[PDB]
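Here the structure is laid out as structure tokens; the discussion comes afterwards.
We place every Cβ from the backbone using ideal geometry, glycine too, and count neighbours over all the protein chains shown. Nothing in this text is a laboratory measurement; each read-out follows from the coordinates by a stated rule.
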Amino acid sequence: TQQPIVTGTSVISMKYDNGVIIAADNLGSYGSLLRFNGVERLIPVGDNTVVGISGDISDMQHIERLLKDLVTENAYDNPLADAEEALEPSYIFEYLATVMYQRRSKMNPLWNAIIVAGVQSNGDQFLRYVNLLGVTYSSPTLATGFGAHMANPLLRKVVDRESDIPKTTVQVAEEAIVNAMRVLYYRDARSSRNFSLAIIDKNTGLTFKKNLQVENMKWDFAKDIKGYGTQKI
Amino acid sequence: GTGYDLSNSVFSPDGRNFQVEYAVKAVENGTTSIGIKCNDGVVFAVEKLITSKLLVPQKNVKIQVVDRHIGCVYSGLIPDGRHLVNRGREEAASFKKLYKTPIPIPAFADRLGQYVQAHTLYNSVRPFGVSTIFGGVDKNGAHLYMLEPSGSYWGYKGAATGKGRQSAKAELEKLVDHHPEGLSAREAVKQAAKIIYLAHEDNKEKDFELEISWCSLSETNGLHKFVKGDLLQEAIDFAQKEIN
């Protein structure tokens, strides 16, 4: 049993007709201190998978190392490592899920909330969540922590059920996610304005965007607000 | 008296370890394999005897990668070779895990060395029945190595072991003389394909399959990769041509 020290906030994601999109800001908080700002919480594995991690950062770095090893190991005595026998998003997820549950069962968890986003070899979109309890689930949209309360409601307005996926384009999807990131910056006291976003399309492959920023924010109305009730000036 | 060659860690009156020497015989009885160090990397090649038409071509790969920047090939008892590579792999993972940086070739060589030497210390184990040629690229250059069943190893410009080691060594020595400035990864691949064809005369009875791999700072980014398709065929020809 432990307690998280340096932490990453929300990880939001959703699937569209040809793939999945996932994003996470670049902050590493230390309690209420917004300590680190160049933290990448989106971990690409191969070119068909991206693992988004929230929670304890030291554990995240540990999962990072685990992931690099999987790649190395899978390459050993594997002549089809970059083909039929390359790592699938579902393999990467089942692995992590396995680890997460074993660690909670030993009463020594990896204090994280993880979302694995990717495209299977047959083109199917893959989006599943696993956390420090070993709990797992899938949904057209998935968000961790804070984004579960504020991002899912927005993303679900785009893809409310399975039949909505084929009707959603990368543009609409990326738009929804980018807007969600802005909302999270408005109400989440542990968020950052900078973030990374990744897209895994069954055609265009993996697109990884770094150094994005929340833009087009509305703050002007703040000038018209004074006092907390009766004050006039 | 006698019987000094029955137990593994026993010194004979002349100070030798006969079991290690007998292990060497198993190595000499194996397929020929080589390694060539080029100006910015290393190339590995091996002879794959085609026992019959039934062997699916290109499927039974013999060259093995360690971590992501090291290649290993060996002659002798194949299983022993795999055993040594599995260890090398744990050895490499351990090093990276602790020091973050991938294991340097010299460091890696000694890891394999101490392990192999370890198997000549007790009569409860048998020495390794293989000689291993391995190497790769690291923080400061390319490195080639050959490890004997005694645990002995040194850095090489070129190396060979197995049935046709003499032919190969002969060819390798020529290259060394005619190229004091250094061969290129591209050239070494061809040169390697040739040496193997030539050295195949000491086993000209059975048909064979060629296998090559390389690790070049400029050609593979310092990562170990297998020579396939066009580059492979081009090398096959270069050899088939100079074999006449």
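Could you pull out the trypsin sites (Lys or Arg not before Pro) across the stretch A:44-107 that fall in loop regions by DSSP (anything but H, G, I, E, B) with no more than 14 other Cβ atoms inside 10 Å?
Here the sparse-neighbourhood loop sites are A:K106.
For B:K241 and B:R87 in the same chain, what is the full-extension length gain: residue separation times 0.36 nm, less their Cα-Cα distance, in nm?
51.5 nm
Just grab the label-to-label distance for A:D77 and B:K139, each label 7 Å out from Cα along the Cβ direction, in nm (one decimal).
Placing both labels 7 Å along Cα→Cβ, they lie 3.1 nm apart.
Setting aside same-chain residues fewer than 8 positions from A:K202, which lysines have a Cα under 17 Å from its Cα?
Leaving aside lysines fewer than 8 places away in the same chain, those within reach of A:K202 are A:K15, A:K167.
Which number comes out as Rg/Rh for the stretch A:29-123 once both Rg and the Kirkwood Rh are worked out on C-alpha atoms?
Rounded to two decimals, Rg over Rh is 1.02.
According to the Kirkwood expression over distinct Cα-Cα pairs, how big is the hydrodynamic radius of the stretch A:92-185, in Å?
14.5
Strictly greater than 25 Å: what percent of every Cα pair in chain B meets that?
Taking all Cα-Cα pairs of chain B, the fraction more than 25 Å apart is 41 percent.
How well do other chains shield peptide B:59-66, expressed as the mean number of their Cβ atoms within 10 Å of each residue Cβ?
Averaged over the peptide's residues, the number is 2.
Provide the net charge surrounding B:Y4, with neighbours chosen by a C-beta distance below 15 Å and charges set as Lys +1, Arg +1, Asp -1, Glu -1.
-2
Would you work out which of A:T98, A:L155, A:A198 lies farthest towards the positive end of the dipole of chain A, given +1 charges on the beta-carbon of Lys and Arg and -1 on that of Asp and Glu, about the Cα centre?
So the residue we want is A:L155.
Once you list every other residue whose beta carbon is under 9 Å from the beta carbon of B:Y115, what net charge do they have if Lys and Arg are +1 and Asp and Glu are -1?
That sum, taken over residues with Cβ under 9 Å, equals +1.
Which residue fluctuates most in the GNM of chain B (Cα springs below 10 Å): B:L54, B:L147, B:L77?
Residue with maximal mean-square fluctuation among B:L54, B:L147, B:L77: B:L54.
Taking every eigenvalue of the Cα gyration tensor of chain A, multiplying by 5 and rooting it, what semi-axes result, largest first, whole Å?
Equivalent ellipsoid of chain A: 32, 22, 15 Å, largest first.
In peptide A:71-83, what is the residue-averaged number of other protein chain Cβ atoms found within 10 Å of each Cβ?
Across the residues of A:71-83, the mean count of other-chain Cβ atoms within 10 Å is 3.
How shielded is B:150-157 by partner chains, expressed as the average number of their Cβ atoms within 10 Å of its Cβ atoms?
Mean inter-chain Cβ contacts per residue within 10 Å come to 0.
Only Cα pairs within less than 10 Å get springs; with that Gaussian network setup on chain B, which residue of B:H179, B:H69, B:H83 has the largest fluctuation?
Of B:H179, B:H69, B:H83, the Gaussian network model singles out B:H179 as fluctuating most.
By count of other Cβ within 10 Å, fewest leading, how are A:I115, B:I236 ordered?
B:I236, A:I115
Tally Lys/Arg at +1 and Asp/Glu at -1 over every other residue whose Cβ is under 12 Å from the Cβ of B:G164; what's the total?
It works out to a net charge of -1.
Taking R0 as 51 Å, what FRET efficiency do you get between B:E21 and A:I5 from their Cβ-Cβ distance, rounded to the nearest 0.05?
It comes to 0.30.
What percent of all Cα-Cα pairs in the stretch B:169-244 falls into each 10 Å bin, going from 0 up to the bin containing the maximum distance?
For the stretch B:169-244, the pair-distance distribution reads 17, 48, 31, 4.
List the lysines whose Cα lies under 21 Å from the Cα of B:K190, skipping any in the same chain that are fewer than 8 positions away.
B:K37, B:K48, B:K62, B:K157, B:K163, B:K169, B:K174, B:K204, B:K225, B:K228, B:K241
Comparing B:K225, B:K53, B:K194, which has the greatest mean-square fluctuation in the GNM of chain B with Cα pairs linked when under 10 Å apart?
Looking only at B:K225, B:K53, B:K194, the biggest GNM fluctuation is shown by B:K53.
Along the principal axes of its C-alpha atoms, what lengths does the stretch B:49-189 span, in descending order and rounded to whole Å?
42, 41, 30
Any idea how far the Cα center of the stretch B:37-103 sits from the one of the stretch B:160-229, in Å?
15
Can you sort A:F195, A:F221, B:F134, A:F93 from fewest to most other Cβ atoms within 10 Å of each residue's own Cβ?
If I rank by nearby Cβ atoms, fewest first, I get A:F221, A:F93, A:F195, B:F134.
Taking GluC sites (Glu not before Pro) as candidate sites, keep only those in a DSSP loop with at most 13 other Cβ atoms within 10 Å, then name the longest stretch of chain B containing none of them.
B:1-180
Using only Cα positions of the protein assembly as shown, each an equal point scatterer, no hydration layer, compute I(q)/I(0) via Debye at q = 0.07, 0.08, 0.09 Å⁻¹ and quote the log10 values to two decimals.
For the requested q values the scattering log ratios are -0.51, -0.64, -0.75.
Straight-line reach from B:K96: which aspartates and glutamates have Cα under 12 Å away, leaving out those fewer than 8 places along the same chain?
Cα-Cα hits under 12 Å: A:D69, B:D67.
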